[PDB]
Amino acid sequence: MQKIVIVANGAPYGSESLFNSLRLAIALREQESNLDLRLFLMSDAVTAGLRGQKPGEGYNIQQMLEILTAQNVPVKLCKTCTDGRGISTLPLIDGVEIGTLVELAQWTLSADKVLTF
């Protein structure tokens, strides 16, 4: 089975980077529905897992994540990063969970293609 891992570093709404990331993932999912795709969000991107994002503009990062964690795409947030920005205890989007660098390593060594945004 093809195993893809996308790791995002960009902060939500400030970097078009995080936005493109979730767009690729959502796209990759449809093309090859049977694809083992996982997501690890580092540094700034970690705040993306917060509930209640109410964008007035256009795209909604919470919505894009829910589209993924509804089709069963693992979405993890770096522990040290969420702990520093105080998001570990706050309400996170559904299929979004806290993860570690070690698991991220595991995914990396196990993946066939690792894309970094």
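One rule holds for the numbers: they count along the sequence shown, beginning at 1.
Looking at 81 to 89 and 40 to 48 together, the entry lists the larger mean B-factor for 81 to 89, computed on C-alpha atoms. Note on 20 to 28 vs 92 to 100: mean CA B-factor is higher in 92 to 100. Sorting the modelled residues of the chain by their CA temperature factor places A105 in the middle third. Ranked by C-alpha B-factor against the other modelled residues of its chain, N60 falls in the lowest third.
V5: CA B factor in the lowest third of modelled residues in this chain (values from the PDB entry). In the deposited entry, the Cα temperature factor of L35 places it in the highest third of its chain's modelled residues.
Per the deposited record, the Cα B-factor of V75 falls in the middle third when ranked against the other modelled residues of its chain.
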